[PDB]
Amino acid sequence: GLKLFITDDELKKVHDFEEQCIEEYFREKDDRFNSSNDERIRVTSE
Amino acid sequence: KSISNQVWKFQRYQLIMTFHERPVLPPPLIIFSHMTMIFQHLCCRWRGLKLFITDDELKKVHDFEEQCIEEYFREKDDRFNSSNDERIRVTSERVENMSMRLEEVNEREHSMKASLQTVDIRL
Amino acid sequence: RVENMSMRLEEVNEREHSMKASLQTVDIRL
Amino acid sequence: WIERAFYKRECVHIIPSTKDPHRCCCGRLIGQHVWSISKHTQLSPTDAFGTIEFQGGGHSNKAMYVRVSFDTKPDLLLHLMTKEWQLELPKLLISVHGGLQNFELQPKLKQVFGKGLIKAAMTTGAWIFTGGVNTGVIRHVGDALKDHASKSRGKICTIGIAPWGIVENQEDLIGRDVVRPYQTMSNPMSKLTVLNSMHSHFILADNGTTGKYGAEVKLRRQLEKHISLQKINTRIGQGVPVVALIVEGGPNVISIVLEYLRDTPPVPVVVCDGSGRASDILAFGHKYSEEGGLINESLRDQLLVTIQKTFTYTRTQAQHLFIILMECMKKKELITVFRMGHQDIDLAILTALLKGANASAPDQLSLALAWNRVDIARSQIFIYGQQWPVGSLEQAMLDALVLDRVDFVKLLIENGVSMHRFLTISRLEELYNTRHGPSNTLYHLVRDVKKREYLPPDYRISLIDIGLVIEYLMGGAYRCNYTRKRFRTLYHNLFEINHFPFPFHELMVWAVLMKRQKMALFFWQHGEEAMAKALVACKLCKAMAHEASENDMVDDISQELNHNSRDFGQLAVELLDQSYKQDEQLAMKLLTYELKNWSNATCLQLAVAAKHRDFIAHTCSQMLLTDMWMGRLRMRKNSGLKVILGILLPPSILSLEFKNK
Amino acid sequence: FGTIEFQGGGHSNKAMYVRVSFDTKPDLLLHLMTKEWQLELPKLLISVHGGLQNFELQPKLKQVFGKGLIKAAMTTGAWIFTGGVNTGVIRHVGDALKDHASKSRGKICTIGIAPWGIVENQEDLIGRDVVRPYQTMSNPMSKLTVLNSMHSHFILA
Amino acid sequence: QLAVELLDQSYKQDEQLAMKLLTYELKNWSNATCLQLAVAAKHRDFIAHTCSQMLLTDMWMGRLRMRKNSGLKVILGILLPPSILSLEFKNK
């Protein structure tokens, strides 16, 4: 039930979804950091 | 308990809408009120919250509604623009605009002051 | 105040281009 | 299938000598050897397949490729890249023809042009043909896509047409369906040019020779002409529209620009100045030349001198290249310039691509609706003197509502929609039956109401069925206008009589049944009885949440319906709050009156029918419902006891105050 | 008679109007606009006499003069007499009231004295007590000049 | 909470790759899955997200669509073998 045997060509299309999730997620934490009340005024004073 | 007074306002509405439709005599003497309601209904058929708004006073309550629609989005735009968030969502772009505009003035004013010195030398 | 420097400094930027060009034109004719 | 359909070739015979015995005319060494003009190349099935996903300097993206002959079918590559490359057809097209040799640019100009090109690739979703090997214009656009396109939606679909022999490490690219890594170790002395690693797609145009250019040029031209031949689904113009960006370049840039301007269809050419060489001489031939031959002798002689000296070209053929430059000046409508000095080159390339297209203004509007660009549409398509045909703007509105485009319908109602004349019964039913948008659950609800009343997949849902859908969802004693006998006889007689005098309410029911919240708020913004419409939309949203909780599927739809329900409820709360702040005397009359388009009900009874919480707790309804208790009477000061004394003592009722009628 | 409440480019406000003779009583219009126009008497008065033909201005000067006029209309609560048809000085003050008066108390009470024949779509304005829509489709070749849509009141002299 | 937020993002991207991501076998991790290594790790908030909610709810129903006001309907099926025939089935 929870242990389906993923073949050699459908492991590739679920792996590239994983690393595209890794690069895309750190975009959102950098955008909320740069647009926060803290770090956006951590740039204006310089 | 943060909603206790509030939830009383829901159940009191159900009492008001029922008692508007109830016959005026008590449920003891409601044979009298049922008799006269059948009396008034049969004498015409065999022979509160629902006021009928006429065609000229629907216009003066409709234009109050669309003027409320345009006026309300003014207040949400003003509290947005004057909030701590969005008012500094504009200042950093302007300061960044002075980052290369003033540096462009700094790049060419060196040539402008040098042009004044060179012209004064050749005069 | 920052909004006041938005068009005041831009007004300096509009006319300093003509001021530097006036210095170059005067130096050419001298 | 790809190996058995695309064939490579390689020079295996003749073996001449060109100023060296080992230096073949086919490029490889004499020992390294194992078109057919004096080369005798042999056609064979291709061995170079798989992925060349890279390492080093980042850019470890999926980089699958294909190697084809120089004389290969453009259609076969077209079905390749549409079928087994997972690439849908683009809405635009841009090329990176330019200087093959390595150059450099000013930082601000490079940054502005690169940002403009990458955000053009983001907005249009186009395919970007590039030389492929990281040198000069290809290296600059590689730095450009790495500038901000890696920080904004890094699925650019850039395709690099490079020769098979010109790329470095040809033995590394041998192997069928094998993921061969390639390192970015740039050898400074190797003639085999390094690749651009963050390019997603590659083409290895194989002419059977090595280290020679010009073979991929003909393949690139036939592929782009075939791509322009493939008609787009909206069918705006001559297939997918195409435009060519030129930065630097040589005489080849001038010749292919003259080829593009004289081509069928007339593909426009964007030229960016400030970079030198061919782009600057095309810019100079465009700026002061007017109608092609309206060039004075002084600037013509200056252009001839700069060709002879700055371009280091022969003066004998300088007149020939001035004839070619005048030929480029003969078609200045396609020719575009970008003289710089937010606010990037996206608008410039957009109006360049939509300018020289030989297409109508509704065609350009359909193209802009495809690109999801409203500012470019406002600047270019909607301008003065535009003779818009009758019925085309209505078709543009139909396409705009079915694609769920809020700024486009804002621009369309800003440019004379006439929404009362636009909306009919048939257009509304076609609007409902259209499924060219986001996911929804109209089918399960219409199947449930058909099961309740008593379903094929091709069933066309009538307005009676959706009217009984709002009757099912709102519940109680709600009677929608679509189940009325008059509307049923009009439906029988027809399937401004067919037009709707109150269009925004059907826009509310279409917006809430199609899960389009942005449509619901925008069609809220214009219209009458807006409190009633927001309240009943809250009722339908809570009812759809009840249906999607009683069915409790993949719970994104249930959570967004709960979100829309409580948001529209607090919308009703804040509008009552504002009407209380404005004036109270119109406020209670607003909350009481009868609603002819909403089953002759009121705000309060539809509110409790919707089971909204905080609408009836405000002070306006507080004084309304308190005064609707007292009836025509003023006997309230310390109540409870006084009303008990009146009902027990009929004399004491006479000592109670009465409200004036 | 009726309302010519507009569509297109925003400005879907209440736009009731009246058509009178050129030789008509000023007092009769005065009691009209005080009684059944729901307009109380202003504390000041300002007119928009100016260039009838279409012109253009510098952006800063247009912005400053327009903001000054609209906040004068806010503070004094005055009535603003304008040519009415959106061209030149009328178009500039229409952009001016749309500049910040739409963002600050958009009940300006602007009245446009326009000729009955000079306005476009005269057949559209036929009908007594009928809310006739008018689209802002500006014909570049029609001599009948287009209207300024965000004006609240109109006079058809 | 890193595992929590990555599951959150994969839920926001698309669900059909998301449950397949949470189910498949891990050849470098003792042939186990995300869920069983999650409860082996005794992490709290990983399996409370809506992706695992619909995964574990659909892994209860098995190959079957008999859910609308459940509890009572499944009791009536297991007591009445005729009434199982009046229940919907998921397509294989």
# chains A, B, ... in the order shown; residues from 1 in each chain; ligands from 1

$ residues_around --residues "stretch 610-615 of chain D" --least-positions-apart "3" --cutoff "7 Å" --atoms "only C-alpha atoms" --output "count of residues only"
7

$ residues_around --residues "residue D:121" --least-positions-apart "5" --cutoff "12 Å" --atoms "only C-alpha atoms" --output "JSON, numbers by chain"
{"D": [90, 91, 92, 93, 94, 95, 114, 115, 116, 126, 127, 128, 129, 141, 144, 145, 148, 149, 152, 153, 154, 155, 156, 157, 158, 345, 346, 349, 350, 371]}

$ write_last_selection --atoms "N, CA, C and O atoms" --output "short mmCIF file (atom, residue, chain, number, x, y, z; two decimals), in the first residue's frame"
data_model
loop_
_atom_site.label_atom_id
_atom_site.label_comp_id
_atom_site.auth_asym_id
_atom_site.auth_seq_id
_atom_site.Cartn_x
_atom_site.Cartn_y
_atom_site.Cartn_z
N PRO D 90 5.17 28.24 -27.66
CA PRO D 90 5.23 29.57 -27.04
C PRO D 90 4.27 30.54 -27.70
O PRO D 90 3.76 30.32 -28.80
N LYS D 91 4.00 31.62 -26.98
CA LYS D 91 3.18 32.71 -27.48
C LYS D 91 3.98 33.80 -28.18
O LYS D 91 3.39 34.72 -28.75
N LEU D 92 5.31 33.70 -28.18
CA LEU D 92 6.18 34.63 -28.89
C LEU D 92 7.47 33.91 -29.26
O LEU D 92 7.60 32.70 -29.04
N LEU D 93 8.44 34.65 -29.79
CA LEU D 93 9.68 34.07 -30.28
C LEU D 93 10.75 35.15 -30.39
O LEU D 93 10.48 36.22 -30.94
N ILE D 94 11.95 34.88 -29.87
CA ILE D 94 13.04 35.85 -29.87
C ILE D 94 14.37 35.14 -30.12
O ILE D 94 14.63 34.07 -29.56
N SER D 95 15.20 35.73 -30.99
CA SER D 95 16.50 35.21 -31.35
C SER D 95 17.62 36.12 -30.86
O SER D 95 17.43 37.31 -30.60
N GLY D 114 19.64 43.13 -20.51
CA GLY D 114 19.45 41.77 -20.04
C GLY D 114 18.20 41.59 -19.22
O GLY D 114 17.47 40.61 -19.40
N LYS D 115 17.91 42.55 -18.32
CA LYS D 115 16.69 42.50 -17.52
C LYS D 115 15.45 42.62 -18.40
O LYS D 115 14.46 41.91 -18.18
N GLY D 116 15.51 43.49 -19.42
CA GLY D 116 14.40 43.62 -20.34
C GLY D 116 14.13 42.35 -21.13
O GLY D 116 12.97 41.92 -21.25
N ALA D 126 8.34 32.87 -24.17
CA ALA D 126 8.81 32.58 -25.51
C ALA D 126 9.94 31.56 -25.50
O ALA D 126 10.45 31.15 -24.45
N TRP D 127 10.33 31.14 -26.70
CA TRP D 127 11.51 30.31 -26.91
C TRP D 127 12.65 31.20 -27.39
O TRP D 127 12.44 32.08 -28.24
N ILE D 128 13.84 30.99 -26.84
CA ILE D 128 14.98 31.87 -27.08
C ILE D 128 16.03 31.07 -27.83
O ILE D 128 16.71 30.22 -27.25
N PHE D 129 16.21 31.38 -29.11
CA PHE D 129 17.25 30.75 -29.91
C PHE D 129 18.53 31.54 -29.74
O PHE D 129 18.52 32.77 -29.83
N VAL D 141 24.15 37.04 -22.90
CA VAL D 141 22.78 36.66 -22.56
C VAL D 141 22.76 35.54 -21.52
O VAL D 141 21.76 35.37 -20.81
N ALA D 144 22.96 37.42 -18.56
CA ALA D 144 21.69 38.12 -18.45
C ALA D 144 20.59 37.24 -17.85
O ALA D 144 19.82 37.68 -17.00
N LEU D 145 20.51 35.99 -18.33
CA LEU D 145 19.52 35.05 -17.75
C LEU D 145 19.97 34.71 -16.32
O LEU D 145 19.09 34.52 -15.45
N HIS D 148 18.82 38.10 -13.37
CA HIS D 148 17.59 38.05 -12.58
C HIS D 148 16.61 36.95 -12.97
O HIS D 148 15.64 36.74 -12.24
N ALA D 149 16.80 36.27 -14.10
CA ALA D 149 15.88 35.19 -14.46
C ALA D 149 16.09 33.96 -13.59
O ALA D 149 15.17 33.15 -13.45
N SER D 152 13.82 34.90 -10.83
CA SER D 152 12.41 35.06 -11.21
C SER D 152 12.07 33.99 -12.25
O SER D 152 12.34 34.19 -13.44
N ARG D 153 11.47 32.88 -11.80
CA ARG D 153 10.87 31.84 -12.65
C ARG D 153 11.87 31.26 -13.66
O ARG D 153 11.81 31.53 -14.86
N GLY D 154 12.83 30.50 -13.13
CA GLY D 154 13.90 29.94 -13.95
C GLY D 154 13.57 28.74 -14.82
O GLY D 154 14.28 27.73 -14.79
N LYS D 155 12.50 28.85 -15.61
CA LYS D 155 12.12 27.91 -16.67
C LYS D 155 11.95 28.78 -17.91
O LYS D 155 10.85 29.24 -18.22
N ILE D 156 13.05 29.01 -18.62
CA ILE D 156 13.10 30.08 -19.61
C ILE D 156 12.88 29.44 -20.97
O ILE D 156 12.33 30.07 -21.89
N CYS D 157 13.28 28.17 -21.09
CA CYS D 157 13.29 27.39 -22.34
C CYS D 157 14.15 28.08 -23.41
O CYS D 157 13.67 28.57 -24.43
N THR D 158 15.46 28.13 -23.12
CA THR D 158 16.45 28.64 -24.06
C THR D 158 17.08 27.48 -24.83
O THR D 158 17.55 26.51 -24.23
N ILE D 345 13.31 46.99 -21.07
CA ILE D 345 13.17 46.91 -22.52
C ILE D 345 12.03 45.98 -22.91
O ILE D 345 11.88 45.63 -24.09
N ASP D 346 11.23 45.56 -21.93
CA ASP D 346 10.10 44.67 -22.20
C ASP D 346 9.02 45.37 -23.01
O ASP D 346 8.44 44.78 -23.93
N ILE D 349 10.39 45.83 -26.75
CA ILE D 349 10.33 44.62 -27.56
C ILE D 349 8.88 44.18 -27.75
O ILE D 349 8.53 43.61 -28.79
N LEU D 350 7.99 44.50 -26.80
CA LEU D 350 6.58 44.14 -26.93
C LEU D 350 5.90 44.95 -28.02
O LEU D 350 5.19 44.39 -28.87
N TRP D 371 -0.29 36.86 -23.71
CA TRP D 371 0.92 37.20 -22.96
C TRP D 371 0.65 37.70 -21.55
O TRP D 371 1.62 37.86 -20.79
#

$ residues_around --residues "residue F:10" --least-positions-apart "6" --cutoff "9 Å" --atoms "only C-alpha atoms" --output "ChimeraX atom specification"
/A:17-18,21 /F:17-18,21

$ write_last_selection --atoms "N, CA, C and O atoms" --output "compact mmCIF listing (two decimals), in the first residue's frame"
# COMPACT_ATOMS: atom_id res chain seq x y z
N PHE A 17 11.30 17.28 -9.46
CA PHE A 17 10.34 18.07 -8.69
C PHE A 17 10.90 18.41 -7.32
O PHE A 17 10.56 19.46 -6.75
N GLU A 18 11.77 17.56 -6.78
CA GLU A 18 12.32 17.76 -5.45
C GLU A 18 13.41 18.84 -5.44
O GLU A 18 13.39 19.72 -4.58
N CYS A 21 11.92 22.11 -6.00
CA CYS A 21 11.34 22.61 -4.76
C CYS A 21 12.40 23.21 -3.85
O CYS A 21 12.12 24.16 -3.12
N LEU F 17 2.07 15.11 -7.52
CA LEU F 17 3.43 14.71 -7.23
C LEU F 17 3.71 14.67 -5.73
O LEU F 17 4.63 13.98 -5.30
N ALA F 18 2.91 15.38 -4.93
CA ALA F 18 3.16 15.46 -3.49
C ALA F 18 2.89 14.13 -2.79
O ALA F 18 3.71 13.67 -1.98
N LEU F 21 5.46 11.68 -3.79
CA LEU F 21 6.70 11.97 -3.07
C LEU F 21 6.67 11.39 -1.67
O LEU F 21 7.66 10.80 -1.21

$ residues_around --residues "residue F:86" --least-positions-apart "6" --cutoff "12 Å" --atoms "only C-alpha atoms" --output "ChimeraX atom specification"
/F:64-66,73-74,76-77,80

$ interface_residues --of "chain E" --to "chain B" --cutoff "9 Å" --atoms "only C-alpha atoms" --output "VMD selection string"
chain E and resid 13 to 14 103 to 106

$ closest_atom_pairs --of "chain F" --to "chain D" --cutoff "10 Å" --atoms "only C-alpha atoms" --output "tab-separated table"
residue	atom	partner	partner_atom	distance
F:11	CA	D:556	CA	9.5
F:12	CA	D:556	CA	9.3
F:15	CA	D:554	CA	8.6
F:50	CA	D:555	CA	7.3
F:51	CA	D:554	CA	8.5
F:53	CA	D:555	CA	9.2
F:54	CA	D:554	CA	6.6
F:55	CA	D:554	CA	9.6
F:58	CA	D:553	CA	9.9
F:67	CA	D:551	CA	8.3
F:68	CA	D:551	CA	6.6
F:69	CA	D:550	CA	7.8

$ select_by_dssp --residues "stretch 164-412 of chain D" --states "strand (DSSP E or B)" --output "list in words"
residues 167, 175, 176, 177, 178, 179, 183, 193, 195, 201, 202, 203, 204, 205, 206, 237, 239, 243, 244, 245, 246, 247, 269, 270, 271, 335, 336 and 337 of chain D

$ write_last_selection --atoms "N, CA, C and O atoms" --output "mmCIF file, in the first residue's frame"
data_model
loop_
_atom_site.group_PDB
_atom_site.id
_atom_site.type_symbol
_atom_site.label_atom_id
_atom_site.label_comp_id
_atom_site.auth_asym_id
_atom_site.auth_seq_id
_atom_site.Cartn_x
_atom_site.Cartn_y
_atom_site.Cartn_z
ATOM 1 N N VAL D 167 31.501 22.557 -30.643
ATOM 2 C CA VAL D 167 31.415 22.415 -29.195
ATOM 3 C C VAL D 167 32.619 21.641 -28.672
ATOM 4 O O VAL D 167 33.190 20.788 -29.370
ATOM 5 N N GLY D 175 27.232 8.727 -26.652
ATOM 6 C CA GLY D 175 26.438 7.861 -25.776
ATOM 7 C C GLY D 175 24.972 8.193 -25.959
ATOM 8 O O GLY D 175 24.569 9.352 -25.990
ATOM 9 N N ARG D 176 24.160 7.150 -26.119
ATOM 10 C CA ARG D 176 22.732 7.303 -26.379
ATOM 11 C C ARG D 176 21.965 7.148 -25.069
ATOM 12 O O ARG D 176 22.121 6.135 -24.377
ATOM 13 N N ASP D 177 21.135 8.156 -24.754
ATOM 14 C CA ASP D 177 20.302 8.211 -23.542
ATOM 15 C C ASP D 177 21.140 8.091 -22.269
ATOM 16 O O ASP D 177 20.747 7.438 -21.302
ATOM 17 N N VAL D 178 22.305 8.733 -22.272
ATOM 18 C CA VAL D 178 23.247 8.680 -21.161
ATOM 19 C C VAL D 178 23.451 10.094 -20.639
ATOM 20 O O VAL D 178 23.661 11.026 -21.424
ATOM 21 N N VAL D 179 23.391 10.250 -19.317
ATOM 22 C CA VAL D 179 23.566 11.558 -18.696
ATOM 23 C C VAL D 179 25.063 11.803 -18.533
ATOM 24 O O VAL D 179 25.681 11.384 -17.548
ATOM 25 N N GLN D 183 32.204 19.477 -17.481
ATOM 26 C CA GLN D 183 32.703 20.516 -16.602
ATOM 27 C C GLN D 183 32.929 21.806 -17.387
ATOM 28 O O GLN D 183 33.224 21.793 -18.584
ATOM 29 N N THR D 193 34.919 25.707 -28.816
ATOM 30 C CA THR D 193 34.379 26.717 -27.915
ATOM 31 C C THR D 193 33.539 26.073 -26.808
ATOM 32 O O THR D 193 32.794 25.117 -27.048
ATOM 33 N N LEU D 195 30.672 25.615 -23.766
ATOM 34 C CA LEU D 195 29.222 25.770 -23.777
ATOM 35 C C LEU D 195 28.729 26.729 -22.698
ATOM 36 O O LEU D 195 29.401 26.988 -21.697
ATOM 37 N N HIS D 201 18.123 23.874 -23.008
ATOM 38 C CA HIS D 201 18.016 22.998 -24.165
ATOM 39 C C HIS D 201 19.160 23.252 -25.138
ATOM 40 O O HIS D 201 19.690 24.363 -25.224
ATOM 41 N N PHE D 202 19.544 22.203 -25.867
ATOM 42 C CA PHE D 202 20.643 22.279 -26.818
ATOM 43 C C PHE D 202 20.284 21.559 -28.113
ATOM 44 O O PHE D 202 19.576 20.548 -28.108
ATOM 45 N N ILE D 203 20.795 22.095 -29.221
ATOM 46 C CA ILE D 203 20.701 21.495 -30.547
ATOM 47 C C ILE D 203 22.115 21.377 -31.095
ATOM 48 O O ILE D 203 22.864 22.361 -31.107
ATOM 49 N N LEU D 204 22.480 20.185 -31.553
ATOM 50 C CA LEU D 204 23.811 19.928 -32.097
ATOM 51 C C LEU D 204 23.658 19.729 -33.603
ATOM 52 O O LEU D 204 23.598 18.600 -34.093
ATOM 53 N N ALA D 205 23.602 20.845 -34.331
ATOM 54 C CA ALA D 205 23.471 20.861 -35.787
ATOM 55 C C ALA D 205 24.748 20.311 -36.405
ATOM 56 O O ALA D 205 25.786 20.974 -36.425
ATOM 57 N N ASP D 206 24.659 19.097 -36.926
ATOM 58 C CA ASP D 206 25.809 18.304 -37.336
ATOM 59 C C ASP D 206 25.900 18.305 -38.856
ATOM 60 O O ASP D 206 25.018 17.774 -39.537
ATOM 61 N N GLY D 237 -2.296 35.869 -35.582
ATOM 62 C CA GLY D 237 -1.613 36.282 -36.791
ATOM 63 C C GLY D 237 -1.096 35.108 -37.591
ATOM 64 O O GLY D 237 -1.758 34.070 -37.678
ATOM 65 N N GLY D 239 0.747 32.449 -37.277
ATOM 66 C CA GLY D 239 1.353 31.535 -36.330
ATOM 67 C C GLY D 239 1.894 32.250 -35.103
ATOM 68 O O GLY D 239 1.397 33.303 -34.688
ATOM 69 N N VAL D 243 10.449 37.734 -33.542
ATOM 70 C CA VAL D 243 11.202 38.984 -33.558
ATOM 71 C C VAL D 243 12.655 38.636 -33.249
ATOM 72 O O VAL D 243 12.938 37.648 -32.571
ATOM 73 N N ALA D 244 13.585 39.412 -33.805
ATOM 74 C CA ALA D 244 15.013 39.106 -33.731
ATOM 75 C C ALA D 244 15.765 40.242 -33.049
ATOM 76 O O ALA D 244 15.759 41.373 -33.537
ATOM 77 N N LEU D 245 16.434 39.940 -31.939
ATOM 78 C CA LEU D 245 17.283 40.916 -31.267
ATOM 79 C C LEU D 245 18.704 40.840 -31.819
ATOM 80 O O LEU D 245 19.269 39.751 -31.957
ATOM 81 N N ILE D 246 19.281 42.001 -32.121
ATOM 82 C CA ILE D 246 20.638 42.094 -32.651
ATOM 83 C C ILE D 246 21.470 42.951 -31.711
ATOM 84 O O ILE D 246 21.119 44.105 -31.439
ATOM 85 N N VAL D 247 22.578 42.390 -31.229
ATOM 86 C CA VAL D 247 23.561 43.108 -30.426
ATOM 87 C C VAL D 247 24.925 42.826 -31.043
ATOM 88 O O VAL D 247 25.324 41.659 -31.147
ATOM 89 N N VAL D 269 12.780 43.284 -36.494
ATOM 90 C CA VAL D 269 14.117 43.198 -35.907
ATOM 91 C C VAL D 269 14.290 44.326 -34.896
ATOM 92 O O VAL D 269 14.275 45.508 -35.262
ATOM 93 N N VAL D 270 14.467 43.955 -33.630
ATOM 94 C CA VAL D 270 14.902 44.880 -32.590
ATOM 95 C C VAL D 270 16.417 45.022 -32.670
ATOM 96 O O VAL D 270 17.147 44.024 -32.698
ATOM 97 N N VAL D 271 16.892 46.264 -32.718
ATOM 98 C CA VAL D 271 18.314 46.585 -32.719
ATOM 99 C C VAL D 271 18.605 47.440 -31.493
ATOM 100 O O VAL D 271 17.950 48.468 -31.280
ATOM 101 N N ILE D 335 11.971 47.725 -38.267
ATOM 102 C CA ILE D 335 13.209 48.039 -37.566
ATOM 103 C C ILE D 335 12.893 48.824 -36.300
ATOM 104 O O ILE D 335 12.133 49.801 -36.325
ATOM 105 N N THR D 336 13.487 48.399 -35.190
ATOM 106 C CA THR D 336 13.245 48.982 -33.882
ATOM 107 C C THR D 336 14.583 49.380 -33.279
ATOM 108 O O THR D 336 15.608 48.747 -33.538
ATOM 109 N N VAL D 337 14.580 50.462 -32.505
ATOM 110 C CA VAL D 337 15.768 50.934 -31.807
ATOM 111 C C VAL D 337 15.452 51.077 -30.326
ATOM 112 O O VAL D 337 14.296 51.283 -29.938
#

$ residues_around --residues "stretch 2-16 of chain A" --least-positions-apart "6" --cutoff "8 Å" --atoms "only C-alpha atoms" --output "PDB file with N, CA, C and O atoms, in the first residue's frame"
ATOM      1  N   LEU F  17       2.066  15.110  -7.524  1.00  0.00           N
ATOM      2  CA  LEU F  17       3.435  14.711  -7.225  1.00  0.00           C
ATOM      3  C   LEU F  17       3.706  14.674  -5.728  1.00  0.00           C
ATOM      4  O   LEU F  17       4.629  13.978  -5.301  1.00  0.00           O
ATOM      5  N   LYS F  20       2.747  11.159  -4.138  1.00  0.00           N
ATOM      6  CA  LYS F  20       3.716  10.215  -4.686  1.00  0.00           C
ATOM      7  C   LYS F  20       5.101  10.424  -4.090  1.00  0.00           C
ATOM      8  O   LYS F  20       5.844   9.454  -3.902  1.00  0.00           O
ATOM      9  N   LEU F  21       5.463  11.678  -3.793  1.00  0.00           N
ATOM     10  CA  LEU F  21       6.696  11.973  -3.071  1.00  0.00           C
ATOM     11  C   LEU F  21       6.670  11.387  -1.666  1.00  0.00           C
ATOM     12  O   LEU F  21       7.658  10.797  -1.210  1.00  0.00           O
ATOM     13  N   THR F  23       5.018   8.799  -0.682  1.00  0.00           N
ATOM     14  CA  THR F  23       4.821   7.355  -0.586  1.00  0.00           C
ATOM     15  C   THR F  23       6.042   6.515  -0.988  1.00  0.00           C
ATOM     16  O   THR F  23       6.265   5.473  -0.361  1.00  0.00           O
ATOM     17  N   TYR F  24       6.892   6.967  -1.923  1.00  0.00           N
ATOM     18  CA  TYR F  24       7.722   6.020  -2.674  1.00  0.00           C
ATOM     19  C   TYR F  24       8.854   5.438  -1.824  1.00  0.00           C
ATOM     20  O   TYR F  24       9.206   5.955  -0.760  1.00  0.00           O
ATOM     21  N   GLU F  25       9.418   4.337  -2.315  1.00  0.00           N
ATOM     22  CA  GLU F  25      10.425   3.593  -1.576  1.00  0.00           C
ATOM     23  C   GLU F  25      11.801   4.223  -1.766  1.00  0.00           C
ATOM     24  O   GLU F  25      12.125   4.755  -2.831  1.00  0.00           O
ATOM     25  N   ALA F  32      12.639   2.098   3.004  1.00  0.00           N
ATOM     26  CA  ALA F  32      11.535   2.637   3.774  1.00  0.00           C
ATOM     27  C   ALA F  32      10.915   3.813   3.027  1.00  0.00           C
ATOM     28  O   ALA F  32      11.296   4.138   1.903  1.00  0.00           O
ATOM     29  N   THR F  33       9.932   4.450   3.655  1.00  0.00           N
ATOM     30  CA  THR F  33       9.205   5.565   3.059  1.00  0.00           C
ATOM     31  C   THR F  33       9.366   6.807   3.929  1.00  0.00           C
ATOM     32  O   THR F  33      10.062   6.796   4.944  1.00  0.00           O
TER      33      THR F  33
END

$ residues_around --residues "residue D:417" --least-positions-apart "6" --cutoff "10 Å" --atoms "only C-alpha atoms" --output "ChimeraX atom specification"
/D:393-394,396-397,409-411 /E:7-8,135

$ select_by_dssp --residues "chain F" --states "helix (DSSP H, G or I)" --output "ChimeraX atom specification"
/F:2-13,16-23,34-41,50-61,72-79,81-86

$ closest_residue --among "F:56, F:34, F:87, F:3" --to "residue F:70" --atoms "only C-alpha atoms"
F:87

$ residues_around --residues "stretch 99-105 of chain B" --least-positions-apart "2" --cutoff "10 Å" --atoms "only C-alpha atoms" --output "PyMOL selection string"
(chain B and resi 93-97+107-110+112) or (chain C and resi 9-10+12-13+16-17)

$ closest_residue --among "E:145, E:60, E:98, E:114" --to "chain C" --atoms "only C-alpha atoms"
E:60

$ closest_residue --among "A:23, A:32, A:1, A:41" --to "chain F" --atoms "only C-alpha atoms"
A:1

$ atom_distance --atom1 "atom CA of residue D:388" --atom2 "atom CA of residue E:140"
13.4 Å

$ interface_residues --of "chain B" --to "chain A" --cutoff "9 Å" --atoms "only C-alpha atoms" --output "PyMOL selection string"
chain B and resi 84-85+88-89+91-92+95-96

$ atom_distance --atom1 "atom CA of residue D:355" --atom2 "atom CA of residue D:378"
13.5 Å
